[PDB]
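See below for upload-v3.pdb, which holds PDB, C-alpha atoms.
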ATOM      1  CA  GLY A   3     -68.579-121.967-174.703
ATOM      2  CA  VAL A   4     -71.112-120.019-172.668
ATOM      3  CA  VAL A   5     -73.269-122.992-171.637
ATOM      4  CA  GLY A   6     -72.302-125.486-168.968
ATOM      5  CA  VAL A   7     -73.724-128.538-167.218
ATOM      6  CA  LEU A   8     -72.703-129.266-163.617
ATOM      7  CA  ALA A   9     -70.755-132.527-163.824
ATOM      8  CA  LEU A  10     -69.943-133.425-160.223
ATOM      9  CA  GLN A  11     -72.269-136.444-160.227
ATOM     10  CA  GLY A  12     -75.252-137.732-162.127
ATOM     11  CA  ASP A  13     -76.693-137.535-165.591
ATOM     12  CA  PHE A  14     -75.011-134.505-167.143
ATOM     13  CA  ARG A  15     -74.242-136.609-170.232
ATOM     14  CA  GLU A  16     -77.885-136.525-171.350
ATOM     15  CA  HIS A  17     -78.018-132.717-171.111
ATOM     16  CA  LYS A  18     -74.819-132.320-173.137
ATOM     17  CA  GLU A  19     -76.364-134.522-175.832
ATOM     18  CA  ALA A  20     -79.609-132.557-175.741
ATOM     19  CA  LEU A  21     -77.646-129.310-176.065
ATOM     20  CA  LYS A  22     -75.929-130.570-179.219
ATOM     21  CA  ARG A  23     -79.282-130.286-181.004
ATOM     22  CA  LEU A  24     -79.061-126.558-180.326
ATOM     23  CA  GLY A  25     -75.584-126.448-181.850
ATOM     24  CA  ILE A  26     -74.057-126.116-178.378
ATOM     25  CA  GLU A  27     -70.953-127.903-177.094
ATOM     26  CA  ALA A  28     -71.628-127.932-173.359
ATOM     27  CA  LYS A  29     -68.820-127.302-170.904
ATOM     28  CA  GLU A  30     -68.570-129.848-168.097
ATOM     29  CA  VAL A  31     -68.391-127.930-164.823
ATOM     30  CA  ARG A  32     -66.363-129.707-162.134
ATOM     31  CA  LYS A  33     -64.500-126.774-160.580
ATOM     32  CA  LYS A  34     -65.548-123.274-159.540
ATOM     33  CA  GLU A  35     -63.170-121.870-162.167
ATOM     34  CA  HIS A  36     -65.291-123.584-164.827
ATOM     35  CA  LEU A  37     -68.101-121.109-164.122
ATOM     36  CA  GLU A  38     -66.088-118.257-165.626
ATOM     37  CA  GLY A  39     -67.441-117.143-168.982
ATOM     38  CA  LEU A  40     -70.755-118.979-168.639
ATOM     39  CA  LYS A  41     -74.124-117.348-169.299
ATOM     40  CA  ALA A  42     -76.087-120.485-168.424
ATOM     41  CA  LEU A  43     -75.627-123.499-166.166
ATOM     42  CA  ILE A  44     -77.727-126.662-166.094
ATOM     43  CA  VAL A  45     -77.829-128.732-162.906
ATOM     44  CA  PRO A  46     -78.755-132.296-164.059
ATOM     45  CA  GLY A  47     -80.833-135.101-162.670
ATOM     46  CA  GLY A  48     -78.990-137.416-160.320
ATOM     47  CA  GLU A  49     -78.418-137.877-156.597
ATOM     48  CA  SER A  50     -79.367-134.545-154.995
ATOM     49  CA  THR A  51     -77.573-135.028-151.668
ATOM     50  CA  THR A  52     -74.296-135.833-153.436
ATOM     51  CA  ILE A  53     -74.519-133.037-156.010
ATOM     52  CA  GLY A  54     -75.270-130.687-153.129
ATOM     53  CA  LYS A  55     -72.413-131.917-150.933
ATOM     54  CA  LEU A  56     -69.784-131.709-153.681
ATOM     55  CA  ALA A  57     -70.979-128.353-155.052
ATOM     56  CA  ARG A  58     -70.675-126.927-151.541
ATOM     57  CA  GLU A  59     -67.280-128.507-150.865
ATOM     58  CA  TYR A  60     -65.774-127.251-154.127
ATOM     59  CA  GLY A  61     -67.011-123.694-153.616
ATOM     60  CA  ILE A  62     -69.299-123.966-156.645
ATOM     61  CA  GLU A  63     -72.480-123.389-154.616
ATOM     62  CA  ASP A  64     -71.279-120.067-153.190
ATOM     63  CA  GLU A  65     -69.944-118.756-156.519
ATOM     64  CA  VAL A  66     -73.168-119.696-158.283
ATOM     65  CA  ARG A  67     -75.184-117.890-155.594
ATOM     66  CA  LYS A  68     -73.052-114.792-156.183
ATOM     67  CA  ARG A  69     -73.372-115.035-159.975
ATOM     68  CA  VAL A  70     -77.167-115.419-159.916
ATOM     69  CA  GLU A  71     -77.504-112.586-157.402
ATOM     70  CA  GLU A  72     -75.601-110.260-159.738
ATOM     71  CA  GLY A  73     -77.683-111.531-162.652
ATOM     72  CA  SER A  74     -74.761-112.881-164.681
ATOM     73  CA  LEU A  75     -75.789-116.549-164.701
ATOM     74  CA  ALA A  76     -79.019-118.343-165.615
ATOM     75  CA  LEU A  77     -79.816-121.711-164.029
ATOM     76  CA  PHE A  78     -81.913-124.669-165.161
ATOM     77  CA  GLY A  79     -82.297-127.487-162.655
ATOM     78  CA  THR A  80     -83.909-130.792-163.597
ATOM     79  CA  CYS A  81     -84.933-133.347-160.962
ATOM     80  CA  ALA A  82     -81.887-133.322-158.650
ATOM     81  CA  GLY A  83     -81.140-129.881-160.062
ATOM     82  CA  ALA A  84     -84.604-128.609-159.093
ATOM     83  CA  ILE A  85     -84.096-129.940-155.572
ATOM     84  CA  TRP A  86     -80.671-128.251-155.385
ATOM     85  CA  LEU A  87     -82.253-124.913-156.330
ATOM     86  CA  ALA A  88     -85.044-125.089-153.722
ATOM     87  CA  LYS A  89     -84.834-122.855-150.667
ATOM     88  CA  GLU A  90     -86.540-125.590-148.645
ATOM     89  CA  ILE A  91     -86.417-129.363-149.031
ATOM     90  CA  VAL A  92     -89.244-130.980-147.068
ATOM     91  CA  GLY A  93     -87.866-133.251-144.355
ATOM     92  CA  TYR A  94     -84.213-132.374-145.058
ATOM     93  CA  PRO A  95     -83.727-128.793-143.791
ATOM     94  CA  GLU A  96     -79.951-129.190-143.623
ATOM     95  CA  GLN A  97     -79.400-130.798-147.023
ATOM     96  CA  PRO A  98     -76.598-128.956-148.883
ATOM     97  CA  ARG A  99     -78.168-126.858-151.650
ATOM     98  CA  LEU A 100     -78.133-123.489-153.425
ATOM     99  CA  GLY A 101     -81.610-122.528-152.232
ATOM    100  CA  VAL A 102     -82.222-119.505-154.462
ATOM    101  CA  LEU A 103     -85.609-120.676-155.768
ATOM    102  CA  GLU A 104     -88.494-119.663-153.486
ATOM    103  CA  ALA A 105     -90.052-123.102-153.286
ATOM    104  CA  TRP A 106     -90.675-126.032-150.947
ATOM    105  CA  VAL A 107     -89.745-129.294-152.654
ATOM    106  CA  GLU A 108     -90.303-132.816-151.380
ATOM    107  CA  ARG A 109     -88.043-135.519-152.806
ATOM    108  CA  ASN A 110     -89.595-138.506-154.650
ATOM    109  CA  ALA A 111     -93.090-137.708-153.375
ATOM    110  CA  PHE A 112     -95.539-138.598-156.169
ATOM    111  CA  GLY A 113     -96.827-141.658-154.328
ATOM    112  CA  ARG A 114     -96.982-144.027-157.295
ATOM    113  CA  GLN A 115     -96.011-147.692-156.932
ATOM    114  CA  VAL A 116     -93.848-147.643-160.061
ATOM    115  CA  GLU A 117     -91.438-144.756-159.550
ATOM    116  CA  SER A 118     -91.441-143.776-163.228
ATOM    117  CA  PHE A 119     -94.080-142.372-165.589
ATOM    118  CA  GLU A 120     -94.528-140.128-168.620
ATOM    119  CA  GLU A 121     -97.063-137.377-169.306
ATOM    120  CA  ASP A 122     -97.723-134.940-172.131
ATOM    121  CA  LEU A 123     -97.503-131.446-170.667
ATOM    122  CA  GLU A 124     -98.699-128.022-171.766
ATOM    123  CA  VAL A 125     -95.869-125.517-171.392
ATOM    124  CA  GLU A 126     -96.724-121.820-171.471
ATOM    125  CA  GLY A 127     -95.292-120.190-174.577
ATOM    126  CA  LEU A 128     -93.689-123.431-175.706
ATOM    127  CA  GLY A 129     -96.636-125.741-176.289
ATOM    128  CA  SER A 130     -97.007-129.493-175.779
ATOM    129  CA  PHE A 131     -93.914-131.174-174.311
ATOM    130  CA  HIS A 132     -93.372-134.832-173.390
ATOM    131  CA  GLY A 133     -92.617-135.055-169.675
ATOM    132  CA  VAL A 134     -90.463-137.916-168.399
ATOM    133  CA  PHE A 135     -90.734-138.462-164.634
ATOM    134  CA  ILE A 136     -88.433-140.742-162.590
ATOM    135  CA  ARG A 137     -88.723-140.787-158.769
ATOM    136  CA  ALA A 138     -89.905-137.231-159.392
ATOM    137  CA  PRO A 139     -89.818-134.604-156.626
ATOM    138  CA  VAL A 140     -92.910-132.527-155.890
ATOM    139  CA  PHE A 141     -93.164-128.743-155.722
ATOM    140  CA  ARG A 142     -95.181-128.400-152.501
ATOM    141  CA  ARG A 143     -95.269-124.605-152.142
ATOM    142  CA  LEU A 144     -94.138-121.700-154.314
ATOM    143  CA  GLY A 145     -93.270-118.125-153.400
ATOM    144  CA  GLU A 146     -95.240-115.189-154.805
ATOM    145  CA  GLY A 147     -92.510-114.283-157.288
ATOM    146  CA  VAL A 148     -92.530-117.745-158.875
ATOM    147  CA  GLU A 149     -94.211-118.405-162.214
ATOM    148  CA  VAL A 150     -95.765-121.777-163.078
ATOM    149  CA  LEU A 151     -95.031-122.627-166.715
ATOM    150  CA  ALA A 152     -96.479-126.149-166.693
ATOM    151  CA  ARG A 153     -98.646-128.420-164.556
ATOM    152  CA  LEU A 154     -99.520-132.105-164.390
ATOM    153  CA  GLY A 155    -103.215-131.685-163.707
ATOM    154  CA  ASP A 156    -103.036-128.745-161.304
ATOM    155  CA  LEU A 157     -99.623-129.667-159.872
ATOM    156  CA  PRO A 158     -96.745-127.352-160.894
ATOM    157  CA  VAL A 159     -93.944-129.281-162.640
ATOM    158  CA  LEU A 160     -92.070-126.485-164.449
ATOM    159  CA  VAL A 161     -91.474-123.204-162.637
ATOM    160  CA  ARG A 162     -89.519-120.018-163.252
ATOM    161  CA  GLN A 163     -88.154-117.264-161.029
ATOM    162  CA  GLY A 164     -86.291-114.677-163.063
ATOM    163  CA  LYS A 165     -83.359-116.443-164.703
ATOM    164  CA  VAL A 166     -83.842-119.594-162.615
ATOM    165  CA  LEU A 167     -85.786-122.432-164.232
ATOM    166  CA  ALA A 168     -86.679-125.753-162.598
ATOM    167  CA  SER A 169     -88.491-128.935-163.636
ATOM    168  CA  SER A 170     -89.417-132.122-161.796
ATOM    169  CA  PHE A 171     -89.229-133.980-165.129
ATOM    170  CA  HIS A 172     -86.366-134.775-167.533
ATOM    171  CA  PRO A 173     -86.507-132.814-170.796
ATOM    172  CA  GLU A 174     -83.074-134.250-171.618
ATOM    173  CA  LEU A 175     -84.630-137.720-171.702
ATOM    174  CA  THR A 176     -86.482-136.781-174.881
ATOM    175  CA  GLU A 177     -85.075-135.659-178.226
ATOM    176  CA  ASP A 178     -87.120-132.439-178.066
ATOM    177  CA  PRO A 179     -84.710-129.501-177.480
ATOM    178  CA  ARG A 180     -87.387-126.801-177.243
ATOM    179  CA  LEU A 181     -87.310-126.530-173.452
ATOM    180  CA  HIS A 182     -83.514-126.241-173.561
ATOM    181  CA  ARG A 183     -83.772-123.521-176.216
ATOM    182  CA  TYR A 184     -86.380-121.733-174.080
ATOM    183  CA  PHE A 185     -83.788-121.725-171.287
ATOM    184  CA  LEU A 186     -80.950-120.479-173.494
ATOM    185  CA  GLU A 187     -83.179-117.685-174.785
ATOM    186  CA  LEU A 188     -83.957-116.455-171.272
ATOM    187  CA  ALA A 189     -80.240-116.721-170.435
ATOM    188  CA  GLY A 190     -79.508-114.487-173.409
ATOM    189  CA  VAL A 191     -77.429-117.082-175.242
TER     190      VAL A 191
END
Is it possible to give me this structure as structure tokens?
Amino acid sequence: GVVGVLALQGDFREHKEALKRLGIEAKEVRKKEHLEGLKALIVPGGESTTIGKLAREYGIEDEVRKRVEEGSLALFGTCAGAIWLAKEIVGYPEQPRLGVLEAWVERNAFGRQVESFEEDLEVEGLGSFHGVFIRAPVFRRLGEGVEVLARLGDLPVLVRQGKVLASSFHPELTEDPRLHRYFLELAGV
């Protein structure tokens, strides 16, 4: 298996199920050793402060940083995973995270009474994709080398920086595997 889903905490189950539609049997990553042999790693939705704390404690954060830097590992972060990837988390400068993505992300900042909504999104190259948002974080600022692949109105919700992909929505909460395939393709799987 060359595709893994970080399984320290959260909803990795949904991503494994989504990956099955691509004929992939996802490897559950719980130890740094589990990163060996992977071409792609998905960081799931969940509790961002916990995923960050555990990934740091187990040495996974540092190894992932090294792997991405050498270009031997593609990353796809969804919700908590997108927060984990962000270089800056608004209001939580010291929150444990990878921080490779040049972006400023604010946790659960959409400002809607009901903290859950769904929107049809236009994804560059992919087409229309059903976006599922739950206590969704907001991409406040993006670095110059970051590409916006999808927006809700004018707000970026799917961004890419090289082999790092991040979404504020949950593609794994739909039965559409096209965004996952898009990720595997860029990871060279």
Can you spell out as a PyMOL selection string the set of residues that the PyMOL selection byres ((chain A and resi 13-24) around 10) selects in the structure I just provided?
chain A and resi 5-12+25-31+44-49+80+82+172-180+182-183+186
Using all atoms listed in the file: which of A:39, A:73, A:101, A:155 has the shortest distance to residue A:189:
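Checking each of A:39, A:73, A:101, A:155 against residue A:189, counting all atoms listed in the file, the winner is A:73.
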Give me the result of the PyMOL selection byres ((chain A and resi 56) around 12) on this file, residue by residue, as an MDAnalysis selection string.
chainID A and resid 8:12 31:34 49:55 57:64 86 97:100
Generate a file of the selected residues that holds C-alpha atoms, formatted as a tab-separated table (two decimals), keeping the file's coordinate frame.
chain	number	residue	atom	x	y	z
A	8	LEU	CA	-72.70	-129.27	-163.62
A	9	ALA	CA	-70.76	-132.53	-163.82
A	10	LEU	CA	-69.94	-133.43	-160.22
A	11	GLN	CA	-72.27	-136.44	-160.23
A	12	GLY	CA	-75.25	-137.73	-162.13
A	31	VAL	CA	-68.39	-127.93	-164.82
A	32	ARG	CA	-66.36	-129.71	-162.13
A	33	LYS	CA	-64.50	-126.77	-160.58
A	34	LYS	CA	-65.55	-123.27	-159.54
A	49	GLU	CA	-78.42	-137.88	-156.60
A	50	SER	CA	-79.37	-134.54	-155.00
A	51	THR	CA	-77.57	-135.03	-151.67
A	52	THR	CA	-74.30	-135.83	-153.44
A	53	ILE	CA	-74.52	-133.04	-156.01
A	54	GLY	CA	-75.27	-130.69	-153.13
A	55	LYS	CA	-72.41	-131.92	-150.93
A	57	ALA	CA	-70.98	-128.35	-155.05
A	58	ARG	CA	-70.68	-126.93	-151.54
A	59	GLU	CA	-67.28	-128.51	-150.86
A	60	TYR	CA	-65.77	-127.25	-154.13
A	61	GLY	CA	-67.01	-123.69	-153.62
A	62	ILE	CA	-69.30	-123.97	-156.65
A	63	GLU	CA	-72.48	-123.39	-154.62
A	64	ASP	CA	-71.28	-120.07	-153.19
A	86	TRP	CA	-80.67	-128.25	-155.38
A	97	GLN	CA	-79.40	-130.80	-147.02
A	98	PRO	CA	-76.60	-128.96	-148.88
A	99	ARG	CA	-78.17	-126.86	-151.65
A	100	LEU	CA	-78.13	-123.49	-153.43
Identify which of the residues A:171, A:113, A:146, A:161 lies closest to residue A:132, counting only C-alpha atoms when measuring atom-to-atom distances.
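Ranking A:171, A:113, A:146, A:161 by distance to residue A:132, first place goes to A:171.
Between atom CA of residue A:117 and atom CA of residue A:91 there is a distance of 19.3 Å.
Proximity to residue A:159 was assessed for A:67, A:41, A:36, A:143 counting all atoms listed in the file; the smallest distance is recorded for A:143.
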Looking at all atoms listed in the file, which of A:181, A:81, A:107, A:76 is the one that sits closest to residue A:137?
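Of all the options, A:81 lies closest to residue A:137.
Atom CA of residue A:92 is positioned 7.4 Å from atom CA of residue A:109.
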Shortest contact to residue A:147, candidates A:105, A:135, A:184, A:111, atoms counted only C-alpha atoms, goes to A:105
Please return the centre and edge lengths, in Å to one decimal, of a box with edges along x, y and z that contains all listed atoms of stretch 13-28 of chain A, widened by 8 Å on every side, as AutoDock Vina command-line options.
--center_x -75.3 --center_y -131.8 --center_z -173.7 --size_x 24.7 --size_y 27.4 --size_z 32.3
Separation of atom CA of residue A:170 from atom CA of residue A:84 in Å:
6.5 Å
For residue A:185, find every residue with an atom within 9 Å (counting only C-alpha atoms), except residues of its own chain fewer than 6 positions away, and show them as a list in words.
residues 42, 76, 77, 78, 165, 166, 167 and 191 of chain A
For residue A:162, the nearest of the candidates A:187, A:140, A:118, A:103, counting only C-alpha atoms:
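Ranked by minimum distance to residue A:162, first place goes to A:103.
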Kindly output stretch 39-58 of chain A as a JSON list (two decimals), in the coordinates of the input, after building N, CA, C and O atoms.
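As a result, result-v1.json now contains:
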[["chain", "number", "residue", "atom", "x", "y", "z"],
["A", 39, "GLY", "N", -67.07, -117.22, -167.58],
["A", 39, "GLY", "CA", -67.44, -117.14, -168.98],
["A", 39, "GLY", "C", -68.80, -117.73, -169.33],
["A", 39, "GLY", "O", -69.26, -117.59, -170.46],
["A", 40, "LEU", "N", -69.45, -118.38, -168.37],
["A", 40, "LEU", "CA", -70.76, -118.98, -168.64],
["A", 40, "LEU", "C", -71.91, -117.99, -168.51],
["A", 40, "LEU", "O", -71.88, -117.09, -167.67],
["A", 41, "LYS", "N", -72.92, -118.17, -169.35],
["A", 41, "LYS", "CA", -74.12, -117.35, -169.30],
["A", 41, "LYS", "C", -75.25, -118.22, -168.75],
["A", 41, "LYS", "O", -76.24, -117.73, -168.23],
["A", 42, "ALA", "N", -75.08, -119.54, -168.88],
["A", 42, "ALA", "CA", -76.09, -120.48, -168.42],
["A", 42, "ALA", "C", -75.46, -121.75, -167.85],
["A", 42, "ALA", "O", -74.44, -122.23, -168.34],
["A", 43, "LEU", "N", -76.09, -122.28, -166.81],
["A", 43, "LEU", "CA", -75.63, -123.50, -166.17],
["A", 43, "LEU", "C", -76.80, -124.43, -165.90],
["A", 43, "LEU", "O", -77.81, -124.02, -165.32],
["A", 44, "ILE", "N", -76.68, -125.68, -166.33],
["A", 44, "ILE", "CA", -77.73, -126.66, -166.09],
["A", 44, "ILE", "C", -77.27, -127.60, -164.99],
["A", 44, "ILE", "O", -76.14, -128.09, -165.02],
["A", 45, "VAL", "N", -78.13, -127.82, -164.00],
["A", 45, "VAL", "CA", -77.83, -128.73, -162.91],
["A", 45, "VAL", "C", -78.72, -129.92, -163.26],
["A", 45, "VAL", "O", -79.94, -129.84, -163.19],
["A", 46, "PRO", "N", -78.10, -131.05, -163.65],
["A", 46, "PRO", "CA", -78.76, -132.30, -164.06],
["A", 46, "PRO", "C", -79.49, -133.13, -163.03],
["A", 46, "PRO", "O", -79.47, -132.86, -161.84],
["A", 47, "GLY", "N", -80.14, -134.17, -163.54],
["A", 47, "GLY", "CA", -80.83, -135.10, -162.67],
["A", 47, "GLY", "C", -79.72, -135.92, -162.06],
["A", 47, "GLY", "O", -78.59, -135.93, -162.57],
["A", 48, "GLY", "N", -80.01, -136.62, -160.97],
["A", 48, "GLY", "CA", -78.99, -137.42, -160.32],
["A", 48, "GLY", "C", -79.31, -137.61, -158.85],
["A", 48, "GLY", "O", -80.47, -137.69, -158.47],
["A", 49, "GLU", "N", -78.27, -137.67, -158.03],
["A", 49, "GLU", "CA", -78.42, -137.88, -156.60],
["A", 49, "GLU", "C", -78.26, -136.51, -155.92],
["A", 49, "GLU", "O", -77.14, -136.05, -155.70],
["A", 50, "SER", "N", -79.38, -135.88, -155.58],
["A", 50, "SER", "CA", -79.37, -134.54, -155.00],
["A", 50, "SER", "C", -78.50, -134.30, -153.77],
["A", 50, "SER", "O", -77.93, -133.22, -153.64],
["A", 51, "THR", "N", -78.39, -135.26, -152.86],
["A", 51, "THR", "CA", -77.57, -135.03, -151.67],
["A", 51, "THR", "C", -76.08, -134.99, -152.01],
["A", 51, "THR", "O", -75.31, -134.24, -151.40],
["A", 52, "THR", "N", -75.69, -135.78, -153.01],
["A", 52, "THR", "CA", -74.30, -135.83, -153.44],
["A", 52, "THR", "C", -73.93, -134.59, -154.25],
["A", 52, "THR", "O", -72.89, -133.97, -154.01],
["A", 53, "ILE", "N", -74.77, -134.23, -155.20],
["A", 53, "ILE", "CA", -74.52, -133.04, -156.01],
["A", 53, "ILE", "C", -74.41, -131.84, -155.06],
["A", 53, "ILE", "O", -73.52, -131.00, -155.21],
["A", 54, "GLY", "N", -75.31, -131.78, -154.08],
["A", 54, "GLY", "CA", -75.27, -130.69, -153.13],
["A", 54, "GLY", "C", -73.99, -130.67, -152.30],
["A", 54, "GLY", "O", -73.35, -129.63, -152.16],
["A", 55, "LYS", "N", -73.62, -131.83, -151.76],
["A", 55, "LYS", "CA", -72.41, -131.92, -150.93],
["A", 55, "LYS", "C", -71.16, -131.48, -151.69],
["A", 55, "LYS", "O", -70.39, -130.66, -151.20],
["A", 56, "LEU", "N", -70.96, -132.04, -152.88],
["A", 56, "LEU", "CA", -69.78, -131.71, -153.68],
["A", 56, "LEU", "C", -69.77, -130.26, -154.17],
["A", 56, "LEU", "O", -68.71, -129.62, -154.17],
["A", 57, "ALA", "N", -70.92, -129.73, -154.58],
["A", 57, "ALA", "CA", -70.98, -128.35, -155.05],
["A", 57, "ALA", "C", -70.60, -127.40, -153.92],
["A", 57, "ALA", "O", -69.98, -126.36, -154.14],
["A", 58, "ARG", "N", -70.99, -127.75, -152.70],
["A", 58, "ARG", "CA", -70.68, -126.93, -151.54],
["A", 58, "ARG", "C", -69.18, -127.04, -151.23],
["A", 58, "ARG", "O", -68.50, -126.03, -151.08]]
